[PDB]
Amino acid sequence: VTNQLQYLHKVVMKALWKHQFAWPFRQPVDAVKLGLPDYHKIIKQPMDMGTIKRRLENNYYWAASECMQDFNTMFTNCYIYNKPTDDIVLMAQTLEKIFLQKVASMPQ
């Protein structure tokens, strides 16, 4: 495992997974459970932290940028789908700011 992917796993995912605002993002969006019948009409590439974490655990990624794009898709899906005023947007913004702060110190 590259230095970069080790960092994404040990530093970035570690910080984000345990965060108090992480829970809406720890599993795929369940549109039935959440009452969101248009979710998959709007969001064509669902992504969540559970998936990213499993991919890090299973050496799915070849480059760190690939993992970073998955985090990015997760956050962007939230901004695109939700109303600007929804609390979930605030939660995503908070997590993404940590993501970027940590990525500023990633190797290589």
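Numbers follow the displayed sequence, beginning with 1. In this text, rigid core is short for the largest set of C-alphas that superpose within 1.5 Å between two forms.
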Point to revise | Between 98-106 and 1-9, larger RMS Cα displacement in 7 other deposited structures of this protein after core fit | key: 1-9
Check your understanding: Taking only the CA atoms, which stretch has the higher mean B-factor in the record, 91-99 or 7-15?
Key -> 7-15
Review point. According to the deposited model, is the average Cα temperature factor higher in 79-87 or in 33-41?
Key: 33-41
Check your understanding: Which one, 74, 68, 52, 63, has the peak C-alpha temperature factor per the PDB entry?
Key -> 63
